[PDB]
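Q: pasting the sequence and an experimental structure:
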Amino acid sequence: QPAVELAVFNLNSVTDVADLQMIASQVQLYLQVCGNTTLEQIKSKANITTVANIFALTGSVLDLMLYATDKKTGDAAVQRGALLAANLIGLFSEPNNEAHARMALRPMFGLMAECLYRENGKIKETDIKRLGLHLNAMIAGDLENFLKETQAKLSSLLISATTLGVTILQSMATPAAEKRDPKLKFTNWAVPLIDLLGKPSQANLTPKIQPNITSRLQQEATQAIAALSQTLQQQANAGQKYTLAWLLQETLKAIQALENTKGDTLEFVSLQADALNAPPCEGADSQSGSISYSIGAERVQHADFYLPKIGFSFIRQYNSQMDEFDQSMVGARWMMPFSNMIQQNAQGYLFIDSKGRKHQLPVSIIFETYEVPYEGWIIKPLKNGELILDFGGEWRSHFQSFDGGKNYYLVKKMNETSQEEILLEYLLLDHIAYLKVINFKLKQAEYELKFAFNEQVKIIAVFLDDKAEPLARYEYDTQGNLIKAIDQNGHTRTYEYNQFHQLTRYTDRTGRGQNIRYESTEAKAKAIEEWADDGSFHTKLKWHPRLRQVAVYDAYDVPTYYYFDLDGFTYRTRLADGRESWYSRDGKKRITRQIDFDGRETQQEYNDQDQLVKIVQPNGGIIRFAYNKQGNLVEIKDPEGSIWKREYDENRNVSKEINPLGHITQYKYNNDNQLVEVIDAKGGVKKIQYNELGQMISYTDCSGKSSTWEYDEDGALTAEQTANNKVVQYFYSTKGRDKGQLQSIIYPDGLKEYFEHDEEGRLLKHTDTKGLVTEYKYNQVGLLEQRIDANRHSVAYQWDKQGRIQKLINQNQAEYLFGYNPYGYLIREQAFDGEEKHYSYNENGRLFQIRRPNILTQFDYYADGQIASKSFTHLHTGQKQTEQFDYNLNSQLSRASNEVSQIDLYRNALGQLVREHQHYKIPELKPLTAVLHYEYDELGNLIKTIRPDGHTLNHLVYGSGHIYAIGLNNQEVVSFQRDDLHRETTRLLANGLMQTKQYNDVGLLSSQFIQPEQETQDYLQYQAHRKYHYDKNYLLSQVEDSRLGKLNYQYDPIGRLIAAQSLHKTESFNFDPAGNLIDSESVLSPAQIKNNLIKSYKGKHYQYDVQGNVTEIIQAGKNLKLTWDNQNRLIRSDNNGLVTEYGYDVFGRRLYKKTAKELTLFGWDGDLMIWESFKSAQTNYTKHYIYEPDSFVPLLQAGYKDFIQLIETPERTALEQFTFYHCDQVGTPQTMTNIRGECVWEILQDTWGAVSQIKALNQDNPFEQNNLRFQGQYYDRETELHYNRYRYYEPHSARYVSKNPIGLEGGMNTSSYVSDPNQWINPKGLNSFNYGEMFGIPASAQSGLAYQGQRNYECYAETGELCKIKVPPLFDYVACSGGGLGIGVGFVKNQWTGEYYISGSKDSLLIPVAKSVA
């Protein structure tokens, strides 16, 4: 640790002089101990002229005292001398014309010392930015020039500092104020210290540094003055480490290395006063995962019961430092709701708010109104001796004193507007008031909370009205400590204490204990240690002896240093690696600037009306806010300059919202101020109804379809009804460990799902509709340790002492290892196959490099954290591929390029993608640009898209954006009819075929029929049907297909498809526990594929590179060699000597597939490949693919016999043929029909995609050929692989030939395609989705397992705090949830993922997920 430690803060954030008071008190104590003289005695002979820099004066005086008395040697001496020189520099007057320059320099030196003194400490970019801001705040010069001139002027500065130090020392070496103004001079150096000491700082001023006892005084001062010239003269030596010259040299070196509102003034002190109170902030920067960092109090808040009808939660709050509540009737140092009160002390009146924070008040409050700072709540008296507290809102709290105005208790509360009120009835015994009954006379309901007491007058039971079963029960020890609390559900929480009311251990309702240890047994003792019973999260806290800093050591002794202000606000956090996060606050403690650990800077500006008017984003984007005379946010201007307008009703509710394109949304609210009606920009009207509790009970969409929710009197969701009158019923446990929690769900088909939870809500057992059980086990600390599926196979999790995932054991017992560096960041991942990924981080802590066995991925970032570029270097061959990205001021990807492509994205004022240029840079082909145009309706629905060759696709929408017709070149190709759920029940195709779809009770496709709208005997039109039968787990058990006959499927307990019977083919699939197909037919084959990379399957043999990519597939008579680029993308395939080359754009979208002379171009619209153009000597054609709305399911293909006509990088060709797709329940094309409705193409494919037989009327007609397969899959005849956006799928082995780019986020088995291809798709090759149940009622449960919300009354107490974190604008309000009602600001239609990686140094996702790889 450095010998000298400093608290550097922005000067604007300090309003009190408490630190100055402590420094003055320390100086006075030093004088009394050494010279035995008070400051008054030395005042007379202390006439010295210095600048009016109070911080510099106090720092210099204290440093001189320490130098004279607390002599030091070694590096500590150098550091202390450097700090003394810095303080003296900004104190001497001499050249007054340079006073401001010196005053600005001194905090500069303080900051340089703070960054550089610590071991392995270096000047970072954030430090240089802070120095520049501080310099520009006052003089508005240049950092480099100022530092250079200071370096040149350093010698004279040191001489002046030595003279000043000599003069100061020649005051106490012989036997006998609040303004930081560079233009003012201090006549006497001692006088300002005395003036400071006089003020009533309201802060403890006990000196924290004990003088040397030995009263050297004159002798020590003489030795000081003797050595001061020697120590300061050597300060100019740049060779010596930890000296001002060295600090300047290092800062200049860092500036050189890194160069390839009215600023922010900084100040520093070496001695600080103790934090007066904890901050209102409860974030991770102010308290432990709880011990408050500012004051060290151990605080636990436990809720014993909830009154939903009034939204009241009985919150018991413990505070280990609350000796004022030692006699609390709910346990020593415990606070219950409404227990807040005002007590008389020597200083005056002490008020303890509901949260437990203490605010001192003057004795004059009982005679006049008083307002507290930084909080905004006022206290005023009344002529009757009661004090009214306005905490913010319509609630007024009345306080009465029952003993000579000593203790004021809360007797009643007033809601002046709503007339709601609460009375407190107190039983007065021996002039001691004991709360007896709480009267909740509220419009919601009338509740009578009565308390039963024991012989000690301690609440042992809380009763509601006349109910016999108490809402809570409490037990106490002989010392009055609350040792057991039973909640309304019968669950128990135990508490353990030492002999001094200090909570040493407490258990949650499952018995899992949290332990606390304290520095001492005194009430004001800080908690210094906490750990879970098993030892996890063992946190040690060490408070700095001199500064308002605490070092918080995690379970591995990795320190995080927090600095807090006099009011407890954490203004600076320093990590172990040296990265620092700063908060700048103004005089009102409003966060004006935040510089995060990764260097992102956010600024916030406020006007004279205390309104947030400007936000400057890290990327430099400026958000501006404007307000009307009523203080309502009317105008929002985003970084792109687009303007959002709002208008308000009388209740300060947003009634009208105008977006930058002029589209208007209107809102109506009930007297409750709850959204009751929204009129969209197209005139559609949505209706919302609420029950008396304020819970939404009915929602009618703009199409008139109404869904309803039923709640019981208590307010628990008992049933919800869909627009098609299907009811899901919810039932809750009435007994046991999960009493009051969701126990079972009854679905409209009558099938039931059962849940079992522990007392804390953890899911322990899930029983699905088929009765199959999934069990979850949790370790001692409560983290998930084992998930046992219905197959009895288990996935085990092992966590390190900080809760980070350490080892993941899949069903095959293969281990996924996660390694973290001494700073706790993820630096190593070992996959199930043994592949090791090593992560490195740059000076900003962002993922710098991913080192895989073959490829070194390197990330470059913009200052705002967006990925500027990625490079992929082969560690052996050395070949490098790079990608570049650009973003607009809204952080939206505006350009992305790689070797073979550049994509430019253009957006309108709403952020909707309107134009997209796709520049193809294919080798051997002339560059060409494909341009997409998009148009949207007033609701943001895409209605028109112009494809690169001029062909336009039109979407006709009704209501909120439901598609009822699709037009191709203003010619309808399909029209849709939808049911009350807006699901397609009928479609009419332009080829005269109509398809009707029916759904069963749970919303699964039950049948689909296709037939001619008007039958004609001239030709055989396509008529077919599929009838779907499901099992109790909603797995497709049978299909009645008119063409294929009966298709029978069997599944394993976890829903994996293991058999398929049909007339064409019978298939049996054997999976290992991890989900790999195993060659069960061959005995020699392994029973499990431990590495999830099968080496052989049914006559096929695979070889992999070191990154898991299949490099060669060998079978009888075929040898397929696959060449992979540095991004694990197939760039060359060699099938029996036939070479095919591929290329991809930045987003992994395949742009071309070149085989000898034949070239196949592909074009994409978002995630859909919308056209393919074939080029060759003989044949040229272009095919367009039209898909069902918002889906990967193809609708039709149309094309012309010519290569696509695209713009050449710096007249529409009529479509000749139309072919209509007919897909099955999972969106897989099964047949295709021509414009006359005749079947021209049929496919029989194996269960996992392999083609078994294709029947085509016209074999050589390209427009009647189909390569589309499972959603998002494109069959490649060259390799027999299915291209799947990001990966190539291998139908034979039902797996991808490369590892999932997103790792475990896409599933435990990073090579498996889908468990059940009858209903799951995986269209992009990243994540498997259940397509069959996407439109199912079971997939719309308002309460899945714990999705319950009840916060009807947060009112009671509240303070209002924007002083804790920076405000993220995002959508601003969002408004109402549920069916979806409310928008504003933000929003990006047609979102674009830069590279889909973004991140990946993440873990601990509970449900299967490890990385942050998007």
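A: Nice, thanks for sending it over. Numbering: from 1, shown residues only.
Q: and whichever strand or helix holds residue 943, which residues are buried?
A: Element membership of residue 943, judged by DSSP states H and E, is strand 942-946. For strand 942-946, burial by neighbour count (16 or more other Cβ atoms under 10 Å) applies to 942, 943, 945, 946. Quick note: C-beta positions are derived from backbone N, CA and C, even for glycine.
Q: equivalent analysis for stretch 467-482, please.
A: For stretch 467-482, the neighbour count (16+ other Cβ under 10 Å) marks 470, 471, 472, 473, 474, 475, 476, 480, 481, 482 as buried.
Q: contacts only, for the residue lying closest to the last one once chain neighbours are set aside.
A: Going back to what we said before, that points to residue 482. With Cβ to Cβ, 6 or more residues apart in numbering as the criterion, residue 482 has its nearest non-adjacent residue at 2.5 Å, and that residue is residue 331. Residue 331 makes contact with 316, 318, 458, 474, 476, 480, 481, 482, 483, 495, according to Cβ atoms under 8 Å, 6 or more residues apart in numbering.
Q: once you drop chain neighbours, what's closest to residue 1191?
A: Nearest residue to residue 1191 in three dimensions, chain neighbours excluded: residue 1227, at 6.8 Å (Cβ to Cβ, 6+ apart).
Q: check contacts around that neighbour.
A: By Cβ under 8 Å, 6+ apart, residue 1227 lies in contact with 1188, 1191, 1192, 1193, 1270, 1271, 1321, 1331.
Q: tell me the secondary structure at residue 315.
A: Recorded secondary structure, residue 315: strand (DSSP: H, G, I helix; E, B strand; the rest coil).
Q: my read: it touches residue 338, true?
A: No. Using Cβ atoms under 8 Å, residue 315 is not in contact with residue 338; the gap is 10.3 Å.
Q: the more surrounded of the two?
A: residue 338 (20 against 17; other Cβ atoms under 10 Å).
Q: distance of that one from residue 410?
A: 5 Å (Cβ to Cβ, to the nearest Å).
Q: between those two, what contacts are shared?
A: Here residue 338 and residue 410 have residue 424 as joint contacts, going by Cβ under 8 Å, 6+ apart.
Q: which residues in the stretch 201-350 of the chain form strands?
A: For the stretch 201-350 of the chain, applying DSSP state E, counting those that start in this stretch gives strands covering 266-269, 299-307, 312-319, 334-335, 341-344, 349-352.
Q: the strand holding residue 943 packs against which elements?
A: Counting by 3 or more Cβ pairs under 8 Å, 6 or more residues apart in numbering; DSSP states H and E, the packing neighbours recorded for strand 942-946 are strand 928-936, strand 952-958.
Q: can you list the strands that the first one pairs with?
A: To tie it back to what came earlier, the one meant is strand 928-936. Strand pairing for strand 928-936, determined by DSSP bridges: strand 913-920 (antiparallel), strand 942-946 (antiparallel), strand 1207-1208 (antiparallel).
Q: ok so, going back, and the buried residues of strand 942-946, which is closest to residue 186?
A: residue 942 (70.6 Å; Cβ to Cβ).
Q: was I right about that closest one contacting residue 1389?
A: Yes. Using Cβ under 8 Å, residue 942 makes contact with residue 1389 at a distance of 7.4 Å.
Q: list residues touching both of the two?
A: Common neighbours of residue 942 and residue 1389, counting by Cβ under 8 Å, 6+ apart, are residue 936.
Q: that older thread, give me whichever of the strands of the stretch 201-350 of the chain is most buried.
A: Mean neighbour count (mean count of other Cβ atoms under 10 Å) peaks for strand 334-335 among the strands of the stretch 201-350 of the chain, with a mean of 26.
Q: how long is stretch 743-757 end to end?
A: 8 Å (Cα to Cα, to the nearest Å).
Q: now do stretch 1115-1129
A: Criterion Cα to Cα; first-to-last residue distance in stretch 1115-1129 is 23 Å.
Q: and that stretch, how far out from the chain's middle?
A: Offset of stretch 1115-1129 from its chain centre (Cα atoms, centre = their mean, to the nearest Å): 40 Å.
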